[PDB]
Amino acid sequence: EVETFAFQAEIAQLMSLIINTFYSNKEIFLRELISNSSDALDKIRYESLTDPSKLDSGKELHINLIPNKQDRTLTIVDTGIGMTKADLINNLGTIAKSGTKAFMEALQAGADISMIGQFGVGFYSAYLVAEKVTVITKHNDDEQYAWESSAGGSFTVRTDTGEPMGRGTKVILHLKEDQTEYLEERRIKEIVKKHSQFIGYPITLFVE
Ligand SMILES: CCc1cc(-n2c(=O)[nH]c3ccccc32)c(O)cc1O
């Protein structure tokens, strides 16, 4: 059973802007996803200080970067707090409507696409490099779900019976054909060192 939803008009406009605007500095998508993972890991870390049982679904707090040249995918996995089905549907836990408004007003006032994360909609920068994005998530208070969108104004949500995660979020980027550099080990290492060198959680870059 797959449910299909329409993006609110402001998010469909944001996604169209990210896909159609000429902007060469696409590598910032990785910083934005690692930053979101770090925020999720901070939240489960803080919650676990008063309720240690919230770590029964996994004590390790980390981020994995998994390239797959055969599938042309780059996957970002974290063991953060995860998202409920309600959070996924409500713009993946972001203030996307007001955030898109503030980002649009900033772009007219001198800001560029790399500042997207300051408006809480950094997730959508995944569409700088991906034709399709799959978000697999498991929160302690809900079941495992898969969100998916190739943009075009709609997204889907389904239960995920594939590999149980325990807790956290998995972002699968189905890369555009001219964006395969983001599957190269030396290129990922370079971007992590440039933009995410001081993240408070281990970042493991998987090899093939
Ligand atoms: C949709 C953006 C995104 C969101 C999350 N995320 C969650 O899954 N829970 C979060 C709680 C606070 C902040 C971000 C969170 C993540 O772990 C990775 C991501 O790329």
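In what follows, the structure referred to is the one given above.
Residues numbered from 1 in each chain as written, not as in the entry; some residues may be left out. Heavy atoms only, no water. Residues with missing side-chain atoms left out of burial classes, pairs and counts.

Undergrad: Give me the lowdown on the environment of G120, citing residues and values where you can.
TA: With respect to the helices and strands, the residue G120 is situated in the loop between α4 (96–108) and β4 (130–138). Among the residues examined, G120 registers a relative accessible area of 34% and is labelled partly exposed. (Helix = DSSP H or I, 4+ residues; strand = E, 2+ residues; numbered from the N terminus. Buried < 20%, exposed > 50% of the residue type's maximum accessible area, 1.4 Å probe, protein only.)

Undergrad: Go over the layout of surface pockets with me, naming the residues and quoting the values.
TA: Taken as a whole, the largest pocket holds about 630 Å³ of empty space. Contributing to the lining of the largest pocket are 26 residues, with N36, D39, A40, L92 and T94 lying nearest its centre. Elements with a contribution of two residues or more to the lining of the largest pocket: α2 (28–50), β3 (73–78) and β7 (168–175). Ranked by residue count, the leading element in the lining of the largest pocket is α2, at 8 residues. Within the lining of the largest pocket, the residues separate by chemical class into 11 nonpolar, 10 polar and 5 charged. (1 Å grid on protein atoms, 1.4 Å probe; cavity = no way out; pocket = protein on both sides within 12 Å on 5 of 7 lines; lining within 4 Å. Points joined across faces, edges and corners; volume = space filled by probe spheres on them. Nonpolar A, V, L, I, M, F, W, Y, C, P; charged D, E, K, R; others polar.)

Undergrad: Describe the site of the ligand, and please don't skip the residues or the numbers.
TA: Taken together, 14 residues lie around the ligand, and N36, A40, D78, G82 and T169 are the ones closest in. Measuring from a nitrogen atom of the ligand, one finds a backbone N or O atom of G82 at 2.9 Å. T169 is positioned with one of its side-chain polar atoms (N or O) 2.6 Å from an oxygen atom of the ligand. Contact with the protein chains covers 87% of the free accessible surface of the ligand, which is 440 Å². Sorting the residues of the shell around the ligand by element identifies α2 and β7 as the ones contributing at least two each. Top element by residues in the shell around the ligand is α2. It accounts for 6 residues. Residue classes in the shell around the ligand are distributed as 7 nonpolar, 4 polar and 3 charged. (Near = heavy atom within 4 Å. Polar contact = N/O pair within 3.5 Å; in protein donor to acceptor, adjacent residues only side chain to side chain. Areas by Shrake-Rupley, 256 points an atom, 1.4 Å probe, with all protein chains shown as cover.)

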